[PDB]
Amino acid sequence: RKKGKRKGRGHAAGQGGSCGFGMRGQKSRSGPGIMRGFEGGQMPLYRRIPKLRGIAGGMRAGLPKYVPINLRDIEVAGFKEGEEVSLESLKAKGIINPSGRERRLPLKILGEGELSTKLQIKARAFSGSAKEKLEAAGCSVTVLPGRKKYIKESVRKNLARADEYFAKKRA
Amino acid sequence: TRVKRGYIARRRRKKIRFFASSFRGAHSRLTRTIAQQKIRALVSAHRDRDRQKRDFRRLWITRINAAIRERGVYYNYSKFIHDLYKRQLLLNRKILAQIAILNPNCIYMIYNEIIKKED
Amino acid sequence: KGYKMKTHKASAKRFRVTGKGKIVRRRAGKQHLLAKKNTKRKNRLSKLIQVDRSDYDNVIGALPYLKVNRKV
Amino acid sequence: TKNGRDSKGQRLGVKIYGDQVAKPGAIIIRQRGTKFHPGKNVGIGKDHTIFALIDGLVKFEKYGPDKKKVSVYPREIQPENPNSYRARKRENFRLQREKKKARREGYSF
RNA sequence: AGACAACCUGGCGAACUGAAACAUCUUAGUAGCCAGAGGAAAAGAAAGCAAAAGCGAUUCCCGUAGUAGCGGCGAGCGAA
RNA sequence: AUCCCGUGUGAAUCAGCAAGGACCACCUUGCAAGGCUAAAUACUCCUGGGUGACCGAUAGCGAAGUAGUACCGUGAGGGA
RNA sequence: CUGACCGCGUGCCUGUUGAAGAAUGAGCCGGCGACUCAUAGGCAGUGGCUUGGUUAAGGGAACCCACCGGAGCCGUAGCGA
RNA sequence: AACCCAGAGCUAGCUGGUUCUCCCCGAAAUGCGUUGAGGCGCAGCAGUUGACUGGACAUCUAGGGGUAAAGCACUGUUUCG
RNA sequence: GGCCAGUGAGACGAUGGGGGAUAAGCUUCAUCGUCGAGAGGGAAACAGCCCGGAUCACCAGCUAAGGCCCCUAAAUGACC
RNA sequence: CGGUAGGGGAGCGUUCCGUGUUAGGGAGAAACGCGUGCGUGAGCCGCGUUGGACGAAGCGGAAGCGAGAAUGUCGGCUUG
RNA sequence: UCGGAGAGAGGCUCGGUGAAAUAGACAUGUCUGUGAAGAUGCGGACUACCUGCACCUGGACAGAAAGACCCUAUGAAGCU
RNA sequence: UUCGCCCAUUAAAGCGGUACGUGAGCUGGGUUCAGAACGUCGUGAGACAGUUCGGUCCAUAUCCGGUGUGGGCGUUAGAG
Ligand SMILES: [Mg+2]
Ligand SMILES: [Mg+2]
Ligand SMILES: [Mg+2]
Ligand SMILES: [Mg+2]
Ligand SMILES: [Mg+2]
Ligand SMILES: [Mg+2]
Ligand SMILES: [Mg+2]
Ligand SMILES: [Mg+2]
Ligand SMILES: [Mg+2]
Ligand SMILES: [Mg+2]
Ligand SMILES: [Mg+2]
Ligand SMILES: [Mg+2]
Ligand SMILES: [Mg+2]
Ligand SMILES: [Mg+2]
Ligand SMILES: [Mg+2]
Ligand SMILES: [Mg+2]
Ligand SMILES: [Mg+2]
Ligand SMILES: [Mg+2]
Ligand SMILES: [Mg+2]
Ligand SMILES: [Mg+2]
Ligand SMILES: [Mg+2]
Ligand SMILES: [Mg+2]
Ligand SMILES: [Mg+2]
Ligand SMILES: [Mg+2]
Ligand SMILES: [Mg+2]
Ligand SMILES: [Mg+2]
Ligand SMILES: [Mg+2]
Ligand SMILES: [Mg+2]
Ligand SMILES: [Mg+2]
Ligand SMILES: [Mg+2]
Ligand SMILES: [Mg+2]
Ligand SMILES: [Mg+2]
Ligand SMILES: [Mg+2]
Ligand SMILES: [Mg+2]
Ligand SMILES: [Mg+2]
Ligand SMILES: [Mg+2]
Ligand SMILES: [Mg+2]
Ligand SMILES: [Mg+2]
Ligand SMILES: [Mg+2]
Ligand SMILES: [Mg+2]
Ligand SMILES: [Mg+2]
Ligand SMILES: [Mg+2]
Ligand SMILES: [Mg+2]
Ligand SMILES: [Mg+2]
Ligand SMILES: [Mg+2]
Ligand SMILES: [Mg+2]
Ligand SMILES: [Mg+2]
Ligand SMILES: [Mg+2]
Ligand SMILES: [Mg+2]
Ligand SMILES: [Mg+2]
Ligand SMILES: [Mg+2]
Ligand SMILES: [Mg+2]
Ligand SMILES: [Mg+2]
Ligand SMILES: [Mg+2]
Ligand SMILES: [Mg+2]
Ligand SMILES: [Mg+2]
Ligand SMILES: [Mg+2]
Ligand SMILES: [Mg+2]
Ligand SMILES: [Mg+2]
Ligand SMILES: [Mg+2]
Ligand SMILES: [Mg+2]
Ligand SMILES: [Mg+2]
Ligand SMILES: [Mg+2]
Ligand SMILES: [Mg+2]
Ligand SMILES: [Mg+2]
Ligand SMILES: [Mg+2]
Ligand SMILES: [Mg+2]
Ligand SMILES: [Mg+2]
Ligand SMILES: [Mg+2]
Ligand SMILES: [Mg+2]
Ligand SMILES: [Mg+2]
Ligand SMILES: [Mg+2]
Ligand SMILES: [Mg+2]
Ligand SMILES: [Mg+2]
Ligand SMILES: [Mg+2]
Ligand SMILES: [Mg+2]
Ligand SMILES: [Mg+2]
Ligand SMILES: [Mg+2]
Ligand SMILES: [Mg+2]
Ligand SMILES: [Mg+2]
Ligand SMILES: [Mg+2]
Ligand SMILES: [Mg+2]
Ligand SMILES: [Mg+2]
Ligand SMILES: [Mg+2]
Ligand SMILES: [Mg+2]
Ligand SMILES: [Mg+2]
Ligand SMILES: [Mg+2]
Ligand SMILES: [Mg+2]
Ligand SMILES: [Mg+2]
Ligand SMILES: [Mg+2]
Ligand SMILES: [Mg+2]
Ligand SMILES: [Mg+2]
Ligand SMILES: [Mg+2]
Ligand SMILES: [Mg+2]
Ligand SMILES: [Mg+2]
Ligand SMILES: [Mg+2]
Ligand SMILES: [Mg+2]
Ligand SMILES: [Mg+2]
Ligand SMILES: [Mg+2]
Ligand SMILES: [Mg+2]
Ligand SMILES: [Mg+2]
Ligand SMILES: [Mg+2]
Ligand SMILES: [Mg+2]
Ligand SMILES: [Mg+2]
Ligand SMILES: [Mg+2]
Ligand SMILES: [Mg+2]
Ligand SMILES: [Mg+2]
Ligand SMILES: [Mg+2]
Ligand SMILES: [Mg+2]
Ligand SMILES: [Mg+2]
Ligand SMILES: [Mg+2]
Ligand SMILES: [Mg+2]
Ligand SMILES: [Mg+2]
Ligand SMILES: [Mg+2]
Ligand SMILES: [Mg+2]
Ligand SMILES: [Mg+2]
Ligand SMILES: [Mg+2]
Ligand SMILES: [Mg+2]
Ligand SMILES: [Mg+2]
Ligand SMILES: [Mg+2]
Ligand SMILES: [Mg+2]
Ligand SMILES: [Mg+2]
Ligand SMILES: [Mg+2]
Ligand SMILES: [Mg+2]
Ligand SMILES: [Mg+2]
Ligand SMILES: [Mg+2]
Ligand SMILES: [Mg+2]
Ligand SMILES: [Mg+2]
Ligand SMILES: [Mg+2]
Ligand SMILES: [Mg+2]
Ligand SMILES: [Mg+2]
Ligand SMILES: [Mg+2]
Ligand SMILES: [Mg+2]
Ligand SMILES: [Mg+2]
Ligand SMILES: [Mg+2]
Ligand SMILES: [Mg+2]
Ligand SMILES: [Mg+2]
Ligand SMILES: [Mg+2]
Ligand SMILES: [Mg+2]
Ligand SMILES: [Mg+2]
Ligand SMILES: [Mg+2]
Ligand SMILES: [Mg+2]
Ligand SMILES: [Mg+2]
C-alpha cells in the first residue's frame with residue numbers, strides 16, 4: 001500500500017498551489033477536458049486516414065468459426081492409446097475452455113507438432129497437413145456431420161439433375 | 001468522519017509567537033504579521049552569521065594596523081604581515097589583535113624579533 | 001450498472017491490431033485524382049503501415065478495448 | 001508590387017561526403033541540375049539525384065578539366081585494431097558491466 | 001367529488017449544454033406543468049423467439065457487450 | 001422489415017391469414033382486429049424494531065428555546 | 001529581561017521578460033473554506049494461484065462471514081474486406 | 001424585454017484561490033498545424049523505469065561548399081579618355 | 001522503448017545581419033553568455049556587464065574580479 | 001548536495017476504527033499554560049499554587065485530515 | 001474695477017450623547033540620483049527637540065467597483 | 001481653441017518648464033453618453049476625427065507638506 005498524493009497541501013510536501021498543473025489555460029481548468037482524440041482543430045489523425053477495408057462499407061467482420069487445436073496440445077495432454085479426443089474430452093482435461101461464442105462452435109485440427117500415439121479423433125474438420133500426419137501415425141479420423149442446410153425441393157431437383165448427368169456419362 | 005482542525009493551528013501559531021517576543025508593536029501581536037517577521041528574523045540571522053566572519057576580520061586587521069603604526073615612522077599593517085610571513089610565524093589576526101590590546105608589550109617584542117631577523 | 005468506457009467508433013473503423021499486437025492503419029490519398037498520380041505512388045499508397053509512435057497515445061486513449069503491445 | 005511569397009527550403013545538397021561509407025541505393029547527392037556527374041559504380045536518377053550501386057567509400061574527382069564527378073569504390077576493412085585505445089576502453093566498459101552485475105547477487109549479509 | 005412525500009401510468013413537453021461555432025444530431029422524451037390510480041403501478045398468456053437444433057405469458061438482476069450496428073460515419077447513441 | 005397514428009382507399013377465413021430486417025418462391029413458427037389477472041422489481045410524508053471507523057450547537061434537518069417563528073416582500077416568495 | 005552606539009538588512013502573496021514598487025489582494029483575530037466519490041481502461045508496486053486464473057447476480061445462523069454458485073471473462077493461431 | 005421559483009452545482013479555452021515537513025533530480029519561453037493567435041495536438045528540452053551500448057572532453061587528418069576578403073572572366077552599373 | 005509532466009508571452013549582452021533614419025531600453029532572425037530559475041563580491045544605489053556557481057558549523061587561513069587619504073577593509077608605498 | 005514550472009524518494013501530525021469494556025486517571029484525564037529537554041523539520045518528550053472526567057503508547061486501518069491570502073465567508077474587536 | 005462692513009445657521013471652547021467611508025504592518029523629512037524608465041522606505045548629501053490645537057489642500061500614483069473609451073471571448077442580448 | 005487678428009495704451013505688453021503647473025482648490029469645453037434635427041453614406045438597422053440645440057462629480061484631512069499658535073522637556077541649582 002503506497003500512500004497517496006494529496007494535492008494542494010503545502011509546497012514543501014508535493015504539488016502545492018497549482019498542484020502541478022503549471023500556470024493557466026485549459027488543462028489547468030476544472031471540469032471535463034477536450035476529447036482524447038482531438039488535436040487543436042487541425043484535422044485529427046483518425047479523421048484524415050481512410051476507413052479500414054471491409055468495415056468501411058458494412059461488409060460483416062470476419063469471425064472465428066472453429067476452435068483451432070494443434071497436435072502440440074494433444075501431445076502434452078494425458079492421452080493414452082485408444083482414447084477418444086472429440087470436443088468433450090478436451091473440456092474434461094481443460095486444454096480448451098470455451099466461452100459463449102466458442103461454446104456454440106465446432107472443432108478443427110491443425111497440424112503442428114508430431115504426435116506419437118494411436119488416438120481416435122472426432123472433429124468437424126481437419127487441415128490437410130493435419131490429417132496427413134494423423135493418418136501417417138495410425139490414428140482414426142472420425143469426421144462429424146455438420147447440421148443440414150435446408151434446401152427447397154426445386155434446387156434439389158437441379159443439384160440432383162447434375163449428379164444424374166455425371167452418372168449417365170461415366171456409366 | 002468530520003474533523004475540526006482544533007488545536008493543531010494554535011499550537012503552531014503559539015510556537016511561532018514565542019519567537020517574536022520583544023518585537024516592537026504589531027510585530028509582537030498579530031499572527032499574520034508575526035509569521036513574516038519570524039522568517040525575516042531567521043533570514044538576517046543566517047546572513048549575519050556569515051557577515052560576522054567578515055566583520056571581525058575587518059576589526060582585527062584594523063586594530064593591528066593601529067597597534068603597529070606606533071613603532072616605526074614607515075611601518076604598516078602590510079609591511080608587518082609580510083614580515084610575519086617571511087619569518088615563518090603562524091599567529092593569525094585574532095591573536096595579534098588580542099595580544100595588541102591585552103598585552104601590548106608582547107606585540108612590541110614580536111616586532112623586535114621581526115626587525116632583528118630582517119636586519 | 002456502473003459506467004464502462006465506450007470505444008470511440010470513428011477510430012476503430014480506422015485502426016486495428018496485428019497478431020503480435022502492433023497498431024496499423026491505411027495510407028491516405030487513393031480515392032480520387034488517381035490518373036495524375038504515378039503508378040509507383042499508387043502502389044505505395046495501397047499498403048498497411050504501422051502507426052507513428054507519436055500518435056499512439058491519442059489512438060490508444062480512444063480505443064480502450066483494443067489489445068495492444070507497446071513492446072515492454 | 002507586394003512581396004512576401006517564398007518556398008520551403010528544398011533539402012538539396014551533399015548527403016554523404018568524401019571517404020565516408022555508402023550502402024547500395026544510398027543517396028549521395030540531391031541536386032537541381034547536374035553539379036556533379038555520375039562516376040563509376042554509381043547511378044543517376046531522373047531529377048539527377050546521384051545514388052550508390054555498391055557498398056563502399058565515396059570519392060570526388062575532377063571530371064576534367066573543370067567539372068566534378070563522384071564515384072564509389074569498394075574498401076577493405078581488415079585492420080581491426082586488437083590492442084589500441086578504442087578497443088581498450090570499450091572492453092573496459094564491457095568488463096565493468098559484467099563485474100558490477102556479478103557482485104550484486106554475489107553479496108553476503 | 002377533496003387531501004396525498006417519493007415511486008408509477010398517461011397527456012403536453014423545453015433550454016442552457018455537448019458537438020471546442022452551428023442548423024441535422026446531443027441535452028432528453030429529462031425538467032416542468034396537467035390529469036389518474038395503487039400499495040405498488042405498468043406489462044402479461046405468443047398473429048412471440050429462433051434456425052433446420054430447439055424454446056414455451058409478463059416483469060427484475062448478472063452476463064452477452066461497449067459486441068452487432070446507428071451516426072453532419074462527427075459529437076455521441078447502442079441492441080438482441 | 002417489425003410496431004403505432006392523420007388523410008384516402010380497402011381484403012381474405014384455415015384449400016386461409018401473419019411473422020421470419022426491401023421483395024418472391026419454399027419450408028418453419030404463430031393465430032391480430034374482445035377483455036382480466038398474484039409474485040419476483042421501484043419508492044419514504046412515515047410506523048415498529050435494530051446497527052453506525054455518522055454530527056455534537058459555524059456541525060447535524062432551515063429548525064436541540066416563539067421555526068417556517070421573528071423579520072422582509074403588494075404578491076408568488078425569501079428566512080435567521 | 002532591558003538596549004548606549006556600530007555594521008548589515010528594498011513587507012508577504014499573486015503574477016510577470018522583469019517589482020520595494022506608485023501592480024493586484026488582505027482592517028485585525030478565531031472558526032468554516034478546494035484534485036472528492038462511484039464505475040470502467042492503461043501502467044507500476046505488492047500478494048494468491050499457476051494440477052491455467054477467476055467467479056457475476058444469487059443463496060448465507062440479520063450484516064460481515066464458512067460454504068456454495070462456472071453462467072460468463074481473461075490467456076492458449078494467424079492471415080484475409 | 002418585469003419579478004419569484006425550477007431545469008441549475010447551467011456554461012466561463014477567463015480572473016481569483018488551492019492548507020504539514022525534509023531529501024534527490026530539474027526545464028521551457030522553439031518548430032509545425034489550428035475559426036489560430038493569451039487555447040490546444042505532436043515534436044524539441046524534465047522526471048522516473050528498463051534494454052542495448054561506448055563514449056564524451058581533447059588531438060590530428062579527410063570531405064563537399066561559395067560566406068569574409070578579393071576580382072573584373074560573365075551579368076548589370078559608372079566616370080572620363 | 002515504457003510510464004508520466006510542465007513549457008509553447010521571454011529579457012538584455014557579445015557577434016552576423018535585415019526593417020527603421022547603419023534612430024529607439026525599437027523590431028525581426030542567426031551562433032553564443034547571463035537573467036529567467038542564481039545567492040556572494042566588484043559596479044555609490046543598480047534582473048541581463050566583470051569574478052563566482054551557495055550541504056552545514058568556525059570570533060581560522062590563501063586568493064578572483066576589484067582595490068590601498070578620510071567616510072570605508074588594505075601604501076599619506078617605491079621609481080620614471 | 002543553488003533552484004521556479006515540474007517529477008521522484010522518505011516522513012510528521014489531526015479525528016475516528018481494530019487490538020480494547022486496554023495501560024493510566026478526583027493520589028487530577030482531555031484541554032490550557034510553561035520549558036537552560038530531544039529532533040533536518042513537520043513535531044516529540046517532560047513539567048505545572050490552571051482545569052474537573054476521560055483516555056495514551058505500540059502494531060494496523062479510514063478520512064469532512066493540516067490555511068495567510070479566494071474584492072473568500074461567519075462571528076468578535078479595533079482604527080478613524 | 002476692488003473689495004468693505006454688518007445680521008443670522010455652522011465653524012471655535014465647555015458639559016451630555018456619539019457615528020462613517022478607510023485601514024498588510026507602519027518608528028511615515030527635503031534635494032538629487034537610482035530603479036518596472038515620476039521613492040518617507042535603495043544611494044549620497046542636506047535639513048530636522050517631543051507632542052498638541054486651528055486652519056490649507058501640493059503629495060501619498062489619496063478614497064467611493066470592472067474602464068464608460070481600445071482590444072480579446074468561436075461571450076450575452078436588442079435591432080436590421 | 002494651441003495659434004492668431006484687431007482697438008487704445010505702454011518703459012515693455014518675452015519665450016519656455018512645472019501631469020491643460022494647479023478638478024480630495026473653482027469653472028468652461030472635451031471622453032461629440034442616452035433626446036432631436038440638417039447635410040452625406042447605407043436597401044436597412046444605423047454611421048460621420050461633418051454641423052446643430054439640450055444635457056448630474058461627489059468629499060468630515062489619517063500621514064507627509066504647509067501657515068500660524070500652544071504645552072512638555074532640555075539648556076548641569078532655580079528664576080525675572
Ligand atoms: Mg486517493
Ligand atoms: Mg510526493
Ligand atoms: Mg501559497
Ligand atoms: Mg500534472
Ligand atoms: Mg494561479
Ligand atoms: Mg498549461
Ligand atoms: Mg470547461
Ligand atoms: Mg457536464
Ligand atoms: Mg467525451
Ligand atoms: Mg468510404
Ligand atoms: Mg480479422
Ligand atoms: Mg477464450
Ligand atoms: Mg467528531
Ligand atoms: Mg477544515
Ligand atoms: Mg532581543
Ligand atoms: Mg491473438
Ligand atoms: Mg474506389
Ligand atoms: Mg503524452
Ligand atoms: Mg529556396
Ligand atoms: Mg530511369
Ligand atoms: Mg381524487
Ligand atoms: Mg385534483
Ligand atoms: Mg393514495
Ligand atoms: Mg441547441
Ligand atoms: Mg443554442
Ligand atoms: Mg457548443
Ligand atoms: Mg464550445
Ligand atoms: Mg409487491
Ligand atoms: Mg395491474
Ligand atoms: Mg399458458
Ligand atoms: Mg390466447
Ligand atoms: Mg410481428
Ligand atoms: Mg425480430
Ligand atoms: Mg403514434
Ligand atoms: Mg386505414
Ligand atoms: Mg372475410
Ligand atoms: Mg406487414
Ligand atoms: Mg411466429
Ligand atoms: Mg383471431
Ligand atoms: Mg397487428
Ligand atoms: Mg387477445
Ligand atoms: Mg392490463
Ligand atoms: Mg452560537
Ligand atoms: Mg444550526
Ligand atoms: Mg463550543
Ligand atoms: Mg541600529
Ligand atoms: Mg540604513
Ligand atoms: Mg505589464
Ligand atoms: Mg502594496
Ligand atoms: Mg508585477
Ligand atoms: Mg502588470
Ligand atoms: Mg478576506
Ligand atoms: Mg486593500
Ligand atoms: Mg474592505
Ligand atoms: Mg479540505
Ligand atoms: Mg482531475
Ligand atoms: Mg475513484
Ligand atoms: Mg483500475
Ligand atoms: Mg503475480
Ligand atoms: Mg456473494
Ligand atoms: Mg441476499
Ligand atoms: Mg447479502
Ligand atoms: Mg432579463
Ligand atoms: Mg456546475
Ligand atoms: Mg441541465
Ligand atoms: Mg455559451
Ligand atoms: Mg542540481
Ligand atoms: Mg532562449
Ligand atoms: Mg483564448
Ligand atoms: Mg505538449
Ligand atoms: Mg529525459
Ligand atoms: Mg574547397
Ligand atoms: Mg575547405
Ligand atoms: Mg567558385
Ligand atoms: Mg564583399
Ligand atoms: Mg574591392
Ligand atoms: Mg565588368
Ligand atoms: Mg565594365
Ligand atoms: Mg505558436
Ligand atoms: Mg509570442
Ligand atoms: Mg502564459
Ligand atoms: Mg538584445
Ligand atoms: Mg543583438
Ligand atoms: Mg554580410
Ligand atoms: Mg548613415
Ligand atoms: Mg540592426
Ligand atoms: Mg526588445
Ligand atoms: Mg566572459
Ligand atoms: Mg516565469
Ligand atoms: Mg543560470
Ligand atoms: Mg548577483
Ligand atoms: Mg553588491
Ligand atoms: Mg560565469
Ligand atoms: Mg563549488
Ligand atoms: Mg554546489
Ligand atoms: Mg593575503
Ligand atoms: Mg582604512
Ligand atoms: Mg603618493
Ligand atoms: Mg537541491
Ligand atoms: Mg517544485
Ligand atoms: Mg500522537
Ligand atoms: Mg492527541
Ligand atoms: Mg484522538
Ligand atoms: Mg481501567
Ligand atoms: Mg498532565
Ligand atoms: Mg479526544
Ligand atoms: Mg505531546
Ligand atoms: Mg508518537
Ligand atoms: Mg466529576
Ligand atoms: Mg491506540
Ligand atoms: Mg471537505
Ligand atoms: Mg481569516
Ligand atoms: Mg467581518
Ligand atoms: Mg474606538
Ligand atoms: Mg467680511
Ligand atoms: Mg458675520
Ligand atoms: Mg441646527
Ligand atoms: Mg463635546
Ligand atoms: Mg467600522
Ligand atoms: Mg519620526
Ligand atoms: Mg533610469
Ligand atoms: Mg526620483
Ligand atoms: Mg531617502
Ligand atoms: Mg532602511
Ligand atoms: Mg544598504
Ligand atoms: Mg492633499
Ligand atoms: Mg478645504
Ligand atoms: Mg508607498
Ligand atoms: Mg476565437
Ligand atoms: Mg457564439
Ligand atoms: Mg525707457
Ligand atoms: Mg493654463
Ligand atoms: Mg508659467
Ligand atoms: Mg489635484
Ligand atoms: Mg456641448
Ligand atoms: Mg438613401
Ligand atoms: Mg434648458
Ligand atoms: Mg491630524
Ligand atoms: Mg503638520
Ligand atoms: Mg512648536
Ligand atoms: Mg516651545
Ligand atoms: Mg524649562
Ligand atoms: Mg530647566
# chains A, B, ... in the order shown; residues from 1 in each chain; ligands from 1
>>> select_by_dssp(residues="chain C", states="strand (DSSP E or B)", output="MDAnalysis selection string")
chainID C and resid 16:17 23:25 49:50
>>> residues_near_ligand(ligand="ligand 82", cutoff="12 Å", atoms="only C-alpha atoms (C1' of nucleotides) and all ligand atoms", output="count of residues only")
13
>>> closest_residue(among="G:20, G:26, G:43, G:65", to="chain C", atoms="only C-alpha atoms (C1' of nucleotides)")
G:43
>>> residues_near_ligand(ligand="ligand 18", cutoff="9 Å", atoms="only C-alpha atoms (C1' of nucleotides) and all ligand atoms", output="JSON, numbers by chain")
{"C": [54, 55, 56, 57, 58], "I": [4]}
>>> residues_near_ligand(ligand="ligand 115", cutoff="9 Å", atoms="only C-alpha atoms (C1' of nucleotides) and all ligand atoms", output="PDB file with C-alpha atoms (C1' of nucleotides), in the first residue's frame")
ATOM      1  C1'   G K   4     -15.703  96.683   2.622  1.00  0.00           C
ATOM      2  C1'   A K   5     -18.888  96.275   6.889  1.00  0.00           C
ATOM      3  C1'   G K   6     -22.897  94.011   9.276  1.00  0.00           C
TER       4        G K   6
END
>>> residues_near_ligand(ligand="ligand 67", cutoff="10 Å", atoms="only C-alpha atoms (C1' of nucleotides) and all ligand atoms", output="MDAnalysis selection string")
(chainID H and resid 24:26) or (chainID J and resid 1:3)
>>> interface_residues(of="chain G", to="chain B", cutoff="9 Å", atoms="only C-alpha atoms (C1' of nucleotides)", output="list in words")
residues 7, 8, 9, 11, 12, 28 and 29 of chain G
>>> interface_residues(of="chain A", to="chain E", cutoff="10 Å", atoms="only C-alpha atoms (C1' of nucleotides)", output="mmCIF file with N, CA, C and O atoms, in the first residue's frame")
data_model
loop_
_atom_site.group_PDB
_atom_site.id
_atom_site.type_symbol
_atom_site.label_atom_id
_atom_site.label_comp_id
_atom_site.auth_asym_id
_atom_site.auth_seq_id
_atom_site.Cartn_x
_atom_site.Cartn_y
_atom_site.Cartn_z
ATOM 1 N N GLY A 33 -12.295 17.693 -19.958
ATOM 2 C CA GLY A 33 -11.206 18.218 -20.760
ATOM 3 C C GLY A 33 -11.658 18.390 -22.195
ATOM 4 O O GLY A 33 -12.802 18.762 -22.467
ATOM 5 N N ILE A 34 -10.745 18.156 -23.123
ATOM 6 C CA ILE A 34 -11.126 18.101 -24.518
ATOM 7 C C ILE A 34 -10.999 16.672 -24.960
ATOM 8 O O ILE A 34 -10.264 15.904 -24.335
ATOM 9 N N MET A 35 -11.737 16.304 -26.003
ATOM 10 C CA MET A 35 -11.827 14.904 -26.385
ATOM 11 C C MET A 35 -10.436 14.318 -26.605
ATOM 12 O O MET A 35 -9.519 15.007 -27.052
ATOM 13 N N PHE A 38 -8.467 14.559 -30.039
ATOM 14 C CA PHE A 38 -8.669 15.868 -30.622
ATOM 15 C C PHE A 38 -7.392 16.683 -30.683
ATOM 16 O O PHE A 38 -6.828 16.994 -29.648
ATOM 17 N N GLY A 40 -6.327 20.158 -31.388
ATOM 18 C CA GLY A 40 -6.314 21.585 -31.607
ATOM 19 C C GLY A 40 -7.229 22.157 -32.672
ATOM 20 O O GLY A 40 -7.378 23.372 -32.791
ATOM 21 N N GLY A 41 -7.889 21.304 -33.428
ATOM 22 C CA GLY A 41 -8.610 21.824 -34.556
ATOM 23 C C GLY A 41 -7.941 21.522 -35.874
ATOM 24 O O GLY A 41 -8.591 21.602 -36.903
ATOM 25 N N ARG A 47 -9.356 11.135 -38.323
ATOM 26 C CA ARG A 47 -10.196 11.575 -39.426
ATOM 27 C C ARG A 47 -9.513 11.640 -40.775
ATOM 28 O O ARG A 47 -10.146 11.423 -41.799
ATOM 29 N N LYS A 51 -11.049 4.841 -43.866
ATOM 30 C CA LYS A 51 -11.569 3.733 -43.077
ATOM 31 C C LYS A 51 -11.081 2.376 -43.580
ATOM 32 O O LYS A 51 -10.935 2.163 -44.784
ATOM 33 N N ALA A 56 -15.411 -0.424 -43.579
ATOM 34 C CA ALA A 56 -15.793 0.868 -44.109
ATOM 35 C C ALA A 56 -17.167 0.879 -44.776
ATOM 36 O O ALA A 56 -17.833 1.903 -44.749
ATOM 37 N N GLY A 57 -17.575 -0.222 -45.406
ATOM 38 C CA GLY A 57 -18.867 -0.252 -46.067
ATOM 39 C C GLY A 57 -20.003 -0.948 -45.354
ATOM 40 O O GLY A 57 -21.176 -0.665 -45.595
ATOM 41 N N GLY A 58 -19.658 -1.786 -44.392
ATOM 42 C CA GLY A 58 -20.678 -2.555 -43.716
ATOM 43 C C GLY A 58 -20.715 -3.997 -44.170
ATOM 44 O O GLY A 58 -21.699 -4.718 -43.971
ATOM 45 N N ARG A 60 -19.828 -7.468 -43.250
ATOM 46 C CA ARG A 60 -19.725 -8.091 -41.919
ATOM 47 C C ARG A 60 -18.301 -8.533 -41.573
ATOM 48 O O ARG A 60 -17.621 -9.134 -42.397
ATOM 49 N N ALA A 61 -17.853 -8.258 -40.352
ATOM 50 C CA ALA A 61 -16.470 -8.561 -39.996
ATOM 51 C C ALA A 61 -16.225 -10.062 -39.944
ATOM 52 O O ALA A 61 -17.166 -10.852 -39.811
ATOM 53 N N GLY A 100 -19.053 -18.384 -24.417
ATOM 54 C CA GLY A 100 -20.313 -18.479 -25.133
ATOM 55 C C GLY A 100 -20.214 -18.737 -26.637
ATOM 56 O O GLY A 100 -20.712 -19.776 -27.170
ATOM 57 N N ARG A 101 -19.536 -17.829 -27.330
ATOM 58 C CA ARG A 101 -19.371 -17.965 -28.772
ATOM 59 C C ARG A 101 -18.684 -19.279 -29.114
ATOM 60 O O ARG A 101 -19.138 -20.033 -29.973
ATOM 61 N N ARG A 147 -24.581 -29.632 -39.439
ATOM 62 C CA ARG A 147 -26.035 -29.534 -39.487
ATOM 63 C C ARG A 147 -26.509 -29.258 -40.910
ATOM 64 O O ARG A 147 -25.957 -28.400 -41.599
ATOM 65 N N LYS A 148 -27.527 -30.005 -41.340
ATOM 66 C CA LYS A 148 -28.036 -29.942 -42.710
ATOM 67 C C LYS A 148 -28.498 -28.544 -43.089
ATOM 68 O O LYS A 148 -29.139 -27.856 -42.294
ATOM 69 N N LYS A 149 -28.169 -28.120 -44.303
ATOM 70 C CA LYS A 149 -28.691 -26.863 -44.809
ATOM 71 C C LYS A 149 -30.051 -27.131 -45.405
ATOM 72 O O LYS A 149 -30.206 -28.070 -46.179
ATOM 73 N N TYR A 150 -31.050 -26.333 -45.053
ATOM 74 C CA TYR A 150 -32.358 -26.576 -45.632
ATOM 75 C C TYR A 150 -32.432 -26.030 -47.048
ATOM 76 O O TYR A 150 -32.283 -24.835 -47.277
ATOM 77 N N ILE A 151 -32.704 -26.917 -47.988
ATOM 78 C CA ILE A 151 -32.770 -26.547 -49.384
ATOM 79 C C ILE A 151 -34.162 -26.854 -49.888
ATOM 80 O O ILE A 151 -34.681 -27.932 -49.615
#
>>> residues_near_ligand(ligand="ligand 20", cutoff="10 Å", atoms="only C-alpha atoms (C1' of nucleotides) and all ligand atoms", output="PyMOL selection string")
chain D and resi 43-46
>>> decode(residues="region 50-56 of chain B", atoms="N, CA, C and O atoms", output="PDB file, in the first residue's frame")
ATOM      1  N   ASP B  50      27.130  34.847   8.564  1.00  0.00           N
ATOM      2  CA  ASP B  50      28.176  34.953   7.532  1.00  0.00           C
ATOM      3  C   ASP B  50      28.901  36.295   7.473  1.00  0.00           C
ATOM      4  O   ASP B  50      30.086  36.349   7.183  1.00  0.00           O
ATOM      5  N   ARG B  51      28.173  37.378   7.686  1.00  0.00           N
ATOM      6  CA  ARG B  51      28.785  38.695   7.755  1.00  0.00           C
ATOM      7  C   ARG B  51      29.795  38.762   8.870  1.00  0.00           C
ATOM      8  O   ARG B  51      30.819  39.419   8.755  1.00  0.00           O
ATOM      9  N   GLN B  52      29.448  38.103   9.968  1.00  0.00           N
ATOM     10  CA  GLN B  52      30.232  38.081  11.192  1.00  0.00           C
ATOM     11  C   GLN B  52      31.692  37.754  10.939  1.00  0.00           C
ATOM     12  O   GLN B  52      32.602  38.461  11.394  1.00  0.00           O
ATOM     13  N   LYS B  53      31.893  36.676  10.196  1.00  0.00           N
ATOM     14  CA  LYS B  53      33.216  36.167   9.898  1.00  0.00           C
ATOM     15  C   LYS B  53      34.029  37.155   9.100  1.00  0.00           C
ATOM     16  O   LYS B  53      35.245  37.228   9.248  1.00  0.00           O
ATOM     17  N   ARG B  54      33.353  37.912   8.245  1.00  0.00           N
ATOM     18  CA  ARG B  54      33.988  39.015   7.531  1.00  0.00           C
ATOM     19  C   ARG B  54      34.364  40.151   8.475  1.00  0.00           C
ATOM     20  O   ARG B  54      35.516  40.610   8.503  1.00  0.00           O
ATOM     21  N   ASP B  55      33.378  40.579   9.260  1.00  0.00           N
ATOM     22  CA  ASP B  55      33.488  41.728  10.148  1.00  0.00           C
ATOM     23  C   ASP B  55      34.556  41.675  11.213  1.00  0.00           C
ATOM     24  O   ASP B  55      35.230  42.674  11.459  1.00  0.00           O
ATOM     25  N   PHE B  56      34.709  40.542  11.884  1.00  0.00           N
ATOM     26  CA  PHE B  56      35.733  40.536  12.904  1.00  0.00           C
ATOM     27  C   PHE B  56      37.089  40.548  12.279  1.00  0.00           C
ATOM     28  O   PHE B  56      38.019  41.070  12.861  1.00  0.00           O
TER      29      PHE B  56
END
